[PDB]
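Single chain ahead, written as structure tokens, the form deposited in one PDB entry.
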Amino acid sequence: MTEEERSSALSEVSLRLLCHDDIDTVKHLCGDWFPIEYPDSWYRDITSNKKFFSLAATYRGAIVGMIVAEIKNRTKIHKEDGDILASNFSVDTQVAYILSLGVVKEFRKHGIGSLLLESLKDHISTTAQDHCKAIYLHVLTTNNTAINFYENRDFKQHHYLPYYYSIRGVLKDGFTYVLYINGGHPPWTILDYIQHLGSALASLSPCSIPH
């Protein structure tokens, strides 16, 4: 391996947004990555609609991983996950949904998935720090590799969703995972919250509190 070969290697991996020309490649990869099936509309939307943050990692120009997400108003969360954020956050409050994350199997366990997730966080910080208060996604309950990846990155299991998915026509369970950011938190009734509060304030010395 020449020094010239070493220098070249440094520009080989890069990141870019998806485009419409990507659709056929993205379909092939997704067919490998996920045992579920996405409709044609999904591929067209993720590649072409600017509302999505669709980010590819490439090696020698070829896509080797992607993360696809949507930053959207809290009201757009689907009903099964409607309880992710407290409803007294501002009407302008947003969340980020991860539609998809995948890395070609050959390239796994080199940090690509991690960098894609980090890039989405960086994009949120750049674009929507004022309003985005959670990141959420779904996995198959059987997907230990994904579960571990998310749990080790501080996402927490939020809901159990029975028969959420179809693999070759056979229904399979899912989980919702959530990471709160920028002060996001789940809904509480006031009465429940005040009960919880006693544990939170316990650390305060009685002497420090006016009485």
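In case it trips you up, residue 1 is the first one in the sequence shown, and so on. In this text, the rigid core denotes the largest set of C-alpha atoms whose superposition between the two forms falls within 1.5 Å.
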| item | value |
| --- | --- |
| Which of 21-29 and 6-14 has higher mean CA B factor, as the PDB entry lists it | 6-14 |
| Mean temperature factor over C-alpha atoms, higher-scoring stretch between 67-75 and 87-95 | 87-95 |
| Top Cα B factor in the deposited entry, candidates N152, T142, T58, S41 | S41 |
| Chain third (lowest, middle, highest) by recorded CA B-factor, residue given as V170 | middle |
| Third of the chain, ranked by Cα B-factor, where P162 sits | lowest |
| For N49, the third of its chain into which the C-alpha B factor falls | highest |
| For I181, the third of its chain into which the C-alpha B factor falls | middle |
| Chain thirds of CA B-factor: placement of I147 | lowest |
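This next part talks about the form deposited in another entry, which is not shown.
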| query | finding |
| --- | --- |
| Of the candidates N144, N182, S166, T58, the only Cα that travels 2 Å or more between the shown form and the other one, given a rigid-core fit | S166 |
| Post core alignment: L15 C-alpha displaced by 2 Å or more between the shown form and the other one | no |
| Distance trend in the other form - C-alpha atoms of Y165 and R153, change of 3 Å or more | farther |
| Sense of the change in Cα distance from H110 to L10 in the other form - at least 3 Å versus the shown form | closer |
